[PDB]
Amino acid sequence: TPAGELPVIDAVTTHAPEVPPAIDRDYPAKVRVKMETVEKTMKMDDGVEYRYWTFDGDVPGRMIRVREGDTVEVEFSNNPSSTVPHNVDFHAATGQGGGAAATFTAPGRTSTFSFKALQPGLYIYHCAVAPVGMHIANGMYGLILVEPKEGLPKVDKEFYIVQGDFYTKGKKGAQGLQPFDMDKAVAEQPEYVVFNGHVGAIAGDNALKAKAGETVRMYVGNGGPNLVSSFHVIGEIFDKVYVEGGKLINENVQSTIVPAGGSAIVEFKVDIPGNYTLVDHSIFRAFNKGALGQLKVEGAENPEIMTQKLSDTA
């Protein structure tokens, strides 16, 4: 069926950690997506600035949500102030470079192309301009969720989380604007490992929020470029894991691998209030390089699941 004969729907995309609403369609549609590539200076950590290359102004790019069988029409613009061309490779797309050749766009230009989402899953998209590693390492990646035809189960809370490793010339903590360091990248020796582009992006005042009793689903991406994440939530167990973001489901998992350029979906029920910490359990990444997020859960205590310190004695 030609895509021009399908009803046209403007995509609802979200900035991390938000997720677009679930799709209540039982028929294919032509989904129009607008993306802009912007090079901009942002805060990586306290007193540390970095020149990010972004989809739509932050890291990761905005999340896209479509249904298996949809045609995705992408209007791809590269901001005039950009120093280099950019494009996008959708791991959800079947064909040359996942769309990279069709979306090769110089600064001040706009490209359009479309692809059919043939297979459900949770797919990384990222820039593929040479040198690809640099474009990825500077923050050009995001997730597109392709729902199964029948949809996914309903859950109370959904979060959008993408891990990435960053390579600065100075050591972590070195102040000022820090340029990209190709040698550390080739050596796979990052200074920062973060969720959603920046240290503390989903921690402290920016923590994720939920209420006791709610079911939580996390769409977890790994833009890399290099590291593989042992993803874990302190204080919780994964009721379900879509292994490597695929169809296969594992259960009762404490820590699951997220491949580089890959993904995973994890689900768990937050039973009792508390502060839950997302980490890459290659643990020195979490507590020394920034691979640390927080989930605030409010509600009524339940001693039957866990008690506090009942006593301390000599």
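Counting begins at 1, following the sequence as shown.
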Comparing 5-13 with 293-301, which has the greater mean CA B-factor as deposited?
293-301
Please work out which of 92-100 and 215-223 has the higher mean CA B-factor as recorded in the PDB entry.
92-100
Among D45, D58, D271, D280, the highest C-alpha B-factor in the PDB entry belongs to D271
Highest Cα B-factor in the deposition, which of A106, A201, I136, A210?
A210
Against its chain's modelled residues, does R51's Cα B factor rank lowest, middle or highest third?
lowest
What third of its chain, lowest, middle or highest, does the C-alpha temperature factor of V155 fall into?
highest
Just say lowest, middle or highest third for the CA B-factor of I144 relative to the other modelled residues in its chain.
lowest
Rank-wise, by C-alpha B-factor, drop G197 into the lowest, middle or highest third of its chain.
lowest
Would you mind checking where the Cα B-factor of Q119 ranks among the modelled residues of its chain, as the lowest, middle or highest third?
middle
